[PDB]
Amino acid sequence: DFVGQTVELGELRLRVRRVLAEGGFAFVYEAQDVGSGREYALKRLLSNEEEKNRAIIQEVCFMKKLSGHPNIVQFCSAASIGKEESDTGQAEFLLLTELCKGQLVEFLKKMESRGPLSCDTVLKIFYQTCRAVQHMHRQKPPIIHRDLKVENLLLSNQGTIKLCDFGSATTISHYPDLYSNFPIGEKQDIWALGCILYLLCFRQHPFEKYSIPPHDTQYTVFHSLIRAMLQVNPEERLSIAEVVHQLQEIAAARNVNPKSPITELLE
């Protein structure tokens, strides 16, 4: 019962059109700036606790830092209203970002009945997702996502993948700006990406030991990258640069621009 309201956010005046997503912490809404007609995703996060406050501001900071990359949703603005000032009786945080076309799974559902995904489509989806995570892992210190899953991936208005969910992410604070090149979590993200790749090819989750279908002749080109990302030993497991590198070579060999629109999800 928050839809219908027009909300002030800086110099913006936004009509809350409908509910895109919910869960525990928060809701996300489709919103439209009344005057300019531009559309946005608006996440509204309620807090009664300083621990919630900290998690919420950390998510905003991560979104701010990662913005600008073609495969991360664009951060537009953020703002709050004190609990004394809201009709929740709670602190409200407002986070305004790029409105996407929808969740990637919705589109995968619809493609699915028309049969397996083209190798090329799998390549584009996976590369674009790996580029977004590479962007996080390249930060100083690296930002570890920790909740990579296909359901959280979005498809942008241009048909490219957009990573949006930084509420589980973490890294080192007050990092000095002495020597250190230690893994601090990246490799759990890679495992997660391995599951996504498996899932895109074979349309099930590799766990709940895994198994690439023994006679698969369509996604064979991905098999060794899958196994490499699903090494149980994390030192053996690939880095994101090791995954991206291989994805670039696969792309160059198939004459595919892997950052291009995934127009087959848009038909």
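Sequential numbering from 1, following the sequence displayed. Throughout, rigid core stands for the largest set of C-alpha atoms superposing within 1.5 Å between the two forms.
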Query raised in the report: So which moves more in 6 other deposited structures of this protein by CA, 161 to 169 or 183 to 191, given a superposition on the core?
Result: 183 to 191
Query raised in the report: Core-superposed in 6 other deposited structures of this protein, which stretch deviates more in Cα positions, 150 to 158 or 78 to 86?
Result: 78 to 86
Query - Check: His215 without coordinates in a third or more of other entries - result: no
Query raised in the report: Among the other PDB entries compared that flank it on both sides, is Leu104 unmodelled in a third or more?
Result: no
Query raised in the report: Count of coordinate-less deposited residues separating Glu208 and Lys209, as none, 1 to 3, 4 to 9, or 10 or more?
Result: 10 or more
Query raised in the report: Can you tell me which stretch has the higher mean Cα B-factor, 250 to 258 or 18 to 26?
Result: 18 to 26
Requested in this report: Return whichever of 141 to 149 and 91 to 99 has the greater mean Cα B factor according to the PDB record.
Outcome: 91 to 99
Query - Highest recorded Cα temperature factor - choice among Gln58, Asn233, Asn48, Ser67 - result: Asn48
Report summary line: Looking only at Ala169, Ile81, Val122, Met136, the Cα with the top B-factor belongs to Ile81
Query raised in the report: What third of its chain's C-alpha B-factors does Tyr179 belong to: lowest, middle or highest?
Result: highest
Query raised in the report: Based on the entry's values, in what third of the chain does the Cα temperature factor of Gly185 lie: lowest, middle or highest?
Result: lowest
Requested in this report: Would you mind ranking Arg237 by its C-alpha B-factor against the rest of the chain and naming the third, lowest, middle or highest?
Outcome: lowest
Query raised in the report: Thinking about Cα B factors across the chain, which third does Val221 belong to?
Result: lowest
Report task. Would you mind ranking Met111 by its C-alpha B-factor against the rest of the chain and naming the third, lowest, middle or highest? Result -> highest
